[PDB]
Amino acid sequence: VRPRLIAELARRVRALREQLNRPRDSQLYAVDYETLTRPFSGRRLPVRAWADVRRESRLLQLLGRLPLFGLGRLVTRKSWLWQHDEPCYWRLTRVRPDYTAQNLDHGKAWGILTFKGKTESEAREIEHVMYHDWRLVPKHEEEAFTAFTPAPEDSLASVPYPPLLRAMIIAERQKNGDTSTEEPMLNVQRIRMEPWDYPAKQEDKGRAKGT
Amino acid sequence: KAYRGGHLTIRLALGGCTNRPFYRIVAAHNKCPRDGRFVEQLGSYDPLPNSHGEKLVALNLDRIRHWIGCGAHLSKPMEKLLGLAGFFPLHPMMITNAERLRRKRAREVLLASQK
Amino acid sequence: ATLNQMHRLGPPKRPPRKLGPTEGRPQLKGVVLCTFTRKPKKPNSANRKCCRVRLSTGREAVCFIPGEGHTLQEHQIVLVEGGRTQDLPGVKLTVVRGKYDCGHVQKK
Amino acid sequence: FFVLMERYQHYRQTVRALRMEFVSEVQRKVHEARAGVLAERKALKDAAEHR
Amino acid sequence: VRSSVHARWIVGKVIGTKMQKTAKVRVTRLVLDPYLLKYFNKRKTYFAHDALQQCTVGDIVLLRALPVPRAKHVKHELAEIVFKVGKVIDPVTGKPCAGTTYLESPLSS
RNA sequence: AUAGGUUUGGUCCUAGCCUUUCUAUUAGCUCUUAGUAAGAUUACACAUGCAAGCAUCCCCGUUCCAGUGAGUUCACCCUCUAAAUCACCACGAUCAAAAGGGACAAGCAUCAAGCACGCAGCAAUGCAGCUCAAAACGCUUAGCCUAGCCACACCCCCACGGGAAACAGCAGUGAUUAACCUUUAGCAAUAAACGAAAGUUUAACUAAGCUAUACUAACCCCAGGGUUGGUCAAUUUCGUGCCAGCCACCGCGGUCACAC
Ligand SMILES: [K+]
Ligand SMILES: [K+]
Ligand SMILES: [K+]
Ligand SMILES: [K+]
Ligand SMILES: [K+]
Ligand SMILES: [K+]
Ligand SMILES: [Mg+2]
Ligand SMILES: [Mg+2]
Ligand SMILES: [Mg+2]
Ligand SMILES: [Mg+2]
Ligand SMILES: [Mg+2]
Ligand SMILES: [Mg+2]
Ligand SMILES: [Mg+2]
Ligand SMILES: [Mg+2]
Ligand SMILES: [Mg+2]
Ligand SMILES: [Mg+2]
Ligand SMILES: [Mg+2]
Ligand SMILES: [Mg+2]
Ligand SMILES: [Mg+2]
Ligand SMILES: [Mg+2]
Ligand SMILES: [Mg+2]
C-alpha cells in the first residue's frame with residue numbers, strides 16, 4: 001500500500017491547532033441581549049429561553065461577586081423553583097473561573113447535588129453553568145430553604161404483563177405442567193424513572209468547536 | 001460497513017407499488033437506507049384491508065424479543081403496532097389521539113344538536 | 001489435448017471483438033467534404049454515388065448514398081450507419097436517408 | 001400535557017422492565033448454549049464416543 | 001481462539017534449509033478444476049521454526065500454527081518429522097524400511 | 001441448435017462467413033386509451049431557487065440520507081479488540097473500526113527474471129538469504145460476487161499546504177454525443193435528526209408531470225412498418241435496359257426483370 005503521509009501530517013496539525021486555538025467560555029457563551037444571538041456563531045437562542053436570558057443570571061455572574069468564588073454556598077435554579085416544590089440546589093466545592101472574561105462571569109463549577117430533597121454521595125461537575133437560570137440562596141435563609149421532610153416514596157412495586165405476553169406466559173406454564181393460578185407480574189422496583197430535568201453528567205458532555 | 005455510532009432498530013421498510021404500500025418489519029442499522037440493508041426480517045404488515053376486511057400483521061415474536069434483548073431500538077409505528085397486538089402496553093399517543101377524536105366527534109354532535 | 005494440458009492452458013481466451021467503421025456505435029454524425037462516384041468491382045457495372053465525410057470522431061471515411069438522387073453538398077451534416085456496400089471495396093458506411101441535410105428520396 | 005407526561009412515564013417504565021427481561025432471557029440462552037448442562041452432557045458423550 | 005494463523009495443522013515436504021532455524025516447506029492441497037471436475041495439486045510455501053535444525057531437504061514434516069507469527073513469513077513450528085528422508089520407519093509395523101522393502105523383518109522381533 | 005445457405009465441371013472431407021431465435025440503445029416511418037415499471041452520452045462547465053435542523057441557552061445532528069462509476073483485488077472468513085446500542089452496577093450480548101492470518105476480476109510471457117524483495121538473536125550483531133514458467137516483476141482493461149457491496153465527493157492518490165472557487169443532491173441550463181423527463185406539490189404515510197413530550201424539519205420519501213423504452217388491459221370510429229429469386233411466408237402489370245438502381249450470404253439489372 002502506498003502510504004498516505006499527508007493525511008497523518010494534516011490530522012496532527014489540525015489536532016495541535018485545535019488544542020492551541022481553543023475558544024474560551026467568554027467567547028462561546030456570550031450573548032447579544034438585543035437580538036438574543038450568539039456572536040461567536042450567530043445562531044439565535046430558542047424562543048422559550050428569551051425572557052429568562054433577559055431576566056436571570058448565569059452562575060458565575062453570582063459567584064464572581066463572592067469571596068473564594070462562593071465555595072460552600074448554595075445555588076439553585078429558577079426552573080427548579082418553578083417546576084418543583086421540594087428543595088433543589090448545588091453545594092459548591094470547586095470553581096474554575098474563566099480569567100479571560102472581563103467580569104469573571106464564565107467558567108466551570110463542581111458541587112454536591114440535592115434534587116427534590118435527596119442529596120448525592122459524591123461531588124461532580126455542574127451542567128448548564130452558562131444558562132441564565134441561576135439564583136443564590138442567602139445565608140440567612142439556608143436553614144429555611146434546605147428544610148425537607150422525606151415523604152413516604154411508596155410507588156407501584158409491580159405491574160401486569162401486556163395481554164398477549166401474559167397469555168403466552170400462562171400458555172407456556174400450562175404446557176410445562178405448571179398449574180399455578182398466580183398472575184404473571186412485571187417487577188418495576190428496579191426501574192426508577194428519573195425526572196427529565198435532573199442534572200446529567202457534564203463530564204460526558206461535549207464542547208463547541210472553534211470556527 | 002462501519003457507521004459512526006448508530007444502533008440497531010426494528011422498523012418498517014416500505015415496499016409495494018404506487019398507491020399500494022406494504023411494509024416489511026426489519027431490524028436494521030438506523031443509519032442504513034429505509035429499504036436498504038437490514039440485519040434480519042422480523043415480520044410484515046399489509047396496511048390495505050384484504051377481501052376479508054383485515055389488515056394482516058406478521059410478527060416474529062421470538063426474534064423480536066431476541067433483538068430487543070440485544071439492544072435494538074423501536075420506531076414509533078412499531079411501538080403502536082406492538083401495542084395493538086397486545087405485546088406492549090398501548091402507546092400513550094394512541095390513547096391521546098383516541099381522546100382527541102372523541103372530543104372532536106362530541107363537538108360535531110353538539111354542532112348537529114345546536115343546528 | 002490431455003486433461004493435464006487442458007488444466008494448464010485453462011479456458012479458451014477469446015480475442016476481443018473487432019470494432020467496425022462506426023467503432024461499436026449505431027450511427028455517427030459527419031460533415032460532407034466532397035461528393036463523387038465510384039465504380040463496382042467487375043461482375044457488375046454502375047456509378048455508385050459516394051461521399052467523403054469527416055466523422056464526429058475526426059476520422060475521414062468514404063460513405064455510400066443509397067436511393068435514386070441525392071442533393072448532398074460540401075459542409076452539409078449527415079448521419080451515417082453501418083452496413084457494407086457489397087459492390088464497393090473499402091466502403092463500409094452508409095448515409096441515413098431523411099436525417100439532417102440528407103432528405104428522403106423523391107417519389108418516382 | 002400533564003396527563004400525557006404521566007402516561008409517558010408509566011409506559012416507559014413498563015417498556016424498560018420488559019426490555020430488561022428480554023435481555024436477561026437472551027443472556028440466559030447464551031449461557032445455556034455455552035455452559036449449559038445439556039451442552040456439557042453432549043460434549044462428554046461425544047468425547048466418550050470418540051475415545 | 002488459540003491462534004490467529006489460518007492454517008492450524010499442515011503436512012508438507014521440506015524444500016529449503018538455508019535459513020537459520022527455519023525450514024521452507026512445500027504443502028500440496030487438492031483443488032477441484034471447475035471446468036474439468038478433476039482434482040489437481042495446488043502448492044503453497046510455508047516457513048516453519050526449527051529450533052534444533054533437524055530438518056533435511058525432502059523429508060515429510062508436520063507443522064503446527066504458532067499462537068502468533070514470530071516473523072513476517074514464519075507462522076508455524078515443526079511439530080514432528082513424519083518421514084525422514086531415506087530413514088522411514090513403517091508406522092504400521094514400526095520397523096525400518098527402504099521404499100516398499102523391509103530393512104528389518106517384522107518377524108525378527 | 002432438430003439446424004440451414006454459400007467453395008467444385010462433379011463427389012466427399014475440412015474450414016470460415018452468413019441465415020433462422022431472444023434482448024438492450026439509437027435511427028427512419030407510424031402511433032388511440034388506462035395502469036404499472038424504467039429513464040443525460042459525458043468524473044465536461046454551470047445562471048437561478050431549494051435539498052438540516054432541533055432545542056429553555058449546553059449539547060446533539062448536519063460523518064446520515066441522496067449522487068456518481070473516475071480510480072480499483074480496502075468488500076468475504078477466522079483471530080484479536082477500539083468506538084456505538086442495551087444491560088448501563090458489570091457479568092455479558094448485539095454491532096463493528098484499526099492490527100494479524102487466509103481467500104479474492106480479465107487480456108498480454110513479444111512483460112522472464114524481480115533487485116533486498118529473507119531468517120536468527122533481549123539487544124549487540126550474525127547468516128545470505130526471499131519471490132518466480134504451478135507465471136514473480138511489469139503493461140493494458142474494467143466498478144463488483146447486486147436483499148446489496150466497494151471506491152470518490154473539483155484537481156494535486158492524501159489535503160498541513162497549493163491550483164482555484166467546485167450541482168457525480170433535486171429541478172434546471174450551456175457545450176458535447178447516435179443518445180436529450182418537470183426550474184410540480186406535501187411532510188398525510190414510512191425513514192432519519194432533535195426534543196421529556198405535545199411536536200418541528202427533510203428535493204429521503206409519498207403523491208403528481210413528461211417520454212411507445214418495457215409489461216399488463218382495452219378500444220365507439222380508428223393501422224402502420226417491413227417483406228414477396230433461394231436460404232424464408234408471400235407478385236400482377238408496366239417503366240428502365242450492366243443505366244438507374246438493389247442484396248444479411250449466394251447474387252439481380254444487356255427489350256418476356258416474380259431480385260431495380
Ligand atoms: K451484373
Ligand atoms: K438538540
Ligand atoms: K468505475
Ligand atoms: K481522489
Ligand atoms: K412525514
Ligand atoms: K418489361
Ligand atoms: Mg458450413
Ligand atoms: Mg458453385
Ligand atoms: Mg422506432
Ligand atoms: Mg466499548
Ligand atoms: Mg479490518
Ligand atoms: Mg512459454
Ligand atoms: Mg512485438
Ligand atoms: Mg473506468
Ligand atoms: Mg462537477
Ligand atoms: Mg480528493
Ligand atoms: Mg441535477
Ligand atoms: Mg434514451
Ligand atoms: Mg418544499
Ligand atoms: Mg412517478
Ligand atoms: Mg421489386
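Worth knowing before you read on, the calculation uses all heavy atoms, side chains too, and leaves out hydrogens, waters and symmetry mates. Convention: sequence-line order gives letters A, B, ...; per-chain numbering from 1.
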(request) Select base, sugar-phosphate, or nothing to describe what D:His31 touches, counting heavy atoms under 4.0 Å on all strands. (result) nothing
(request) Would you classify D:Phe22 as touching base, sugar-phosphate or nothing, given that sugar-phosphate means primed atoms plus P, OP1 and OP2, and contacts are heavy atoms under 4.0 Å? (result) nothing
(request) Look at all strands and tell whether B:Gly36 reaches a base, only sugar-phosphate, or nothing, counting heavy atoms closer than 4.0 Å. (result) sugar-phosphate
Taking only nitrogen or oxygen atoms into account, show me every contact under 3.5 Å that the protein makes with nucleotides 73-81 of chain F, one pair per line with its distance.
none

Compile the donor-acceptor pairs under 3.5 Å between side chains in residues 37-51 of chain A and protein atoms, sequence neighbours left out, one pair per line.
unit_1, atom_1, unit_2, atom_2, d
A:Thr37, OG1, A:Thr35, OG1, 2.9
A:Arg38, NH1, A:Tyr29, O, 2.8
A:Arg38, NH1, A:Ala30, O, 3.2
A:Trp50, NE1, A:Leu45, O, 3.1
A:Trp50, NE1, A:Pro46, O, 3.2

(request) Summarise how protein sits on nucleotides 191-207 of chain F as a single string, 5' to 3': B when a protein heavy atom is under 4.0 Å from the base, S for sugar-phosphate-only contact, - for no contact. (result) SSS--BBBS-----SSS
(message) Holding to side-chain hydrogen bond (donor to acceptor under 3.5 Å, both in side chains), I want the full list of residues that pass it with A:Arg11, two or more places apart in sequence or in another chain.
(response) A:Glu8
Might you list the N or O atoms of the protein lying below 3.5 Å from N or O atoms in nucleotides 113-118 of chain F, with each pair's distance?
unit_1, atom_1, unit_2, atom_2, d
F:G118, OP1, E:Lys72, NZ, 3.3
F:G118, OP1, E:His73, NE2, 2.4
F:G118, OP2, E:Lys72, NZ, 2.8

Which donor-acceptor pairs under 3.5 Å do the side chains of residues 100-108 of chain C make with protein atoms, sequence neighbours left out?
unit_1, atom_1, unit_2, atom_2, d
C:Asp101, OD1, C:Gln76, NE2, 3.2
C:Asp101, OD2, C:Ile77, N, 2.8
C:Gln106, NE2, C:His104, O, 3.4

(request) Remember a base hit wins even if backbone is also touched, and classify B:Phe22 as base, sugar-phosphate or nothing at under 4.0 Å, heavy atoms. (result) nothing
(message) Pairing defined as Watson-Crick or G-U wobble with both contacts under 3.5 Å. Yes or no for F:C130 and F:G61?
(response) no
(message) Using the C1' atom as the point on both nucleotides, what is the distance between F:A233 and F:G226, in whole Å?
(response) 13 Å
(message) What's A:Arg12 touching, base or sugar-phosphate or nothing? Going by heavy atoms closer than 4.0 Å.
(response) nothing
Check the interface with nucleotides 176-180 of chain F: list each N/O to N/O pair with the protein under 3.5 Å, or write none.
unit_1, atom_1, unit_2, atom_2, d
F:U177, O3', C:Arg25, NH2, 2.7
F:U177, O2', C:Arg25, NH2, 2.9
F:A178, OP1, C:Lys29, N, 2.8
F:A178, OP1, C:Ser56, OG, 2.9
F:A178, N7, C:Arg25, NE, 2.9
F:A178, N7, C:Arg25, NH2, 3.3

(message) My understanding is that only residues two or more places apart in sequence, or in another chain, count here; which of them pass side-chain hydrogen bond (donor to acceptor under 3.5 Å, both in side chains) with A:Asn187?
(response) none
N/O donor to acceptor pairs below 3.5 angstrom from side-chain atoms of residues 25-32 of chain E, sequence neighbours left out:
unit_1, atom_1, unit_2, atom_2, d
E:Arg29, NH1, E:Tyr46, OH, 3.2
E:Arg29, NH2, E:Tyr46, OH, 3.0

(request) Name every residue in residues 203-211 of chain A that has at least one heavy atom under 4.0 Å from any atom of RNA chain F, in order of residue number, or write none if there are no such residues. (result) A:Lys205, A:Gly206, A:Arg207, A:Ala208
(message) Mind checking if D:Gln27 touches a base, just sugar-phosphate, or nothing, with heavy atoms under 4.0 Å?
(response) base
(message) Once you apply a heavy-atom cut-off of 4.0 Å, does B:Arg37 come out as touching a base, just sugar-phosphate, or nothing?
(response) sugar-phosphate
(message) I'd like to check the salt bridge (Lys or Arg N to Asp or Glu O under 4.0 Å) partners of A:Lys205; sequence neighbours left out, ordered by chain and number.
(response) A:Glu127
(message) Which nucleotide wins on minimum distance to the side chain of C:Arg48, given the candidates F:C89, F:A134, F:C246?
(response) F:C246
(request) Classify the glycosidic conformation of F:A218 as syn or anti, calling it syn when the angle lies within 90° of 0. (result) anti
(request) Name all residues meeting the side-chain hydrogen bond (donor to acceptor under 3.5 Å, both in side chains) criterion together with C:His7; count only those two or more places apart in sequence or in a different chain, and write none if there are none. (result) E:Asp33
(message) Does A:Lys201 reach a base, just sugar-phosphate, or nothing at all? Heavy atoms under 4.0 Å.
(response) nothing
(request) In whole angstrom, give me the gap between the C1' atoms of F:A212 and F:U36. (result) 14 Å
